[PDB]
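To begin, one chain is listed below as structure tokens, in the form deposited in one PDB entry.
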């Protein structure tokens, strides 16, 4: 006779959360005894997804970063179901799913998002009489003060340029007034429009020069990787490191002997700090799924407060889902995520770029060399192609 059991795939890209995602899936299956959900985790998942979609083999539910060119192009080509009118989308913070809309239609549920800022050692700031900086000038002074008191302000991963993507995007964002303004200056300006003499460029150079203050970085930072800086920070060897919300689990796993805080990178004046990030646990549904009711039931389940709470309690990334109890003001990510999901939480600028690695490289190369005109030249070289 007939069987009704159906399997859907959930194509995961959050490998760090596989255990909890699998538990969730088992809870979903106990509530829905006729649905089986396969949590797919493969190496090189981004590239595998591209291969599968191109082949016409799209997973039923897909973890896809909604800032990506792939979400944009695939959503346009009809690869994903229009979620705009789903009741469960109402559980996402007002306005936030809409930041990745395509042709005014939402194709992805952003459960969580990353953010970026400065990790710092609360204990040593307290011992040294130091405060979170609220302007560019205070952040310079903070770094100098730390050096003067015989400690090392930053762990910088000179060998992993990507770690400074957020830092330089926020330097531009704060210099220009926001994310769209920063992309106006960099991306949607005229070819070769970026000039050393520009006030914007001067301000960007100021913010970047905070990372160039004499004595500001650990010895051999040039060669240091992400893991090295996570370790230096956890050991108390450096007082701060610029990075994203994704670093916390690794920091905690190093068992620091101090309380971790975070702060937003300030603007020129008080009350002008910003952060940057995008959807992380973020799902779309195939438009060609053989089992749309079950695929939607899985996505709906994860939007429930008691289900997302299971994920959040472990992962800690800010969540856009209603009803979740987020961590308090003393939690390590509090400063970084104070303004999550607001106008002060910009979507990564590369939403509207055709690549990003070369921006990482020009950023870190400036930290290395201090060659200001070279940096301007590198910025025009990277953005000019985008402007044809």
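Residue numbers count along the first chain shown, from 1.
The discussion below concerns the form deposited in another entry, not included here.
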item: Exercise: are residue 62 and residue 133 on one rigid part between the shown form and the other one; value: no
item: Cα-Cα shift for residue 21 and residue 254, closer or farther in the other form, minimum 3 Å; value: closer
item: Pairwise C-alpha change, residue 156 versus residue 14, in the other form against this form - closer or farther, 3 angstroms or more; value: closer
